């Protein structure tokens, strides 16, 4: 069976795909984090994994097992790391994980990697992981390893799509934690993991121009979300999914032109 997930292939099949030249590998990077009263906690892993799978199917790429645990939830982006259920890694651990995988891919013969982040707070640690691995590769004489890092939601740029998605004006990706964007993509991909009836509607989260630590629970909406997902629909999820899959597929074609 032609699976796009490396974990479902034999070693011989993987070896062949890599030896065939220009093989693109994709690593979903997510989190185990609270996502309100209406959705499950593995969202940030599921979403980018699903987007990877589809992109991989379109462009003939392979998908690695996704990073289930990400960096600590930040109040203004994920509610905060004081919530139960959210299980976060330290900076160094995330960074090291990414670094170790890149080194191993290099060992395999891979030279093309797409890292798809699904958890906002991961960014910089993913970036450090990449720099540190590339730095090591140079020590090993390898200079042709290329990585494309992206957060799938950033591919939703078209104002027409945004407008169609947010007929009320777009608030921003910051407060899109457990909101319309994710819940909707979730409704179209894993309906069993989402129950709109538990959505505790509330006004979009607002914060001062600074942060406070220890994180003050009172400053996050009780439900854990940063914006309400009552207007979330599967239809929206379907639109997002296509927009993302297509845009990412094209980006990858641009950065990783077949040889």
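Residue numbers count along the first chain shown, from 1.
93-101 and 107-115 differ in mean CA B-factor, and the higher of the two is recorded for 107-115. When the mean C-alpha temperature factors of 165-173 and 70-78 are read from the deposited coordinates, 165-173 comes out higher.
The residue among 231, 42, 49, 225 whose C-alpha carries the highest B-factor in the deposited model is 231.
Among 243, 24, 16, 9, the highest C-alpha B-factor in the deposited entry belongs to 243. Ranked by Cα temperature factor within the chain, residue 157 sits in the highest third according to the deposited record. Compared with the other modelled residues of the chain, the Cα B-factor recorded for residue 34 ranks in the lowest third. When all modelled residues of the chain are sorted by CA temperature factor, residue 205 is found within the highest third. The PDB entry assigns residue 64 a C-alpha temperature factor belonging to the lowest third of its chain's modelled residues. For residue 187, the recorded CA B-factor ranks within the highest third of the chain. Only modelled residues enter the ranking.
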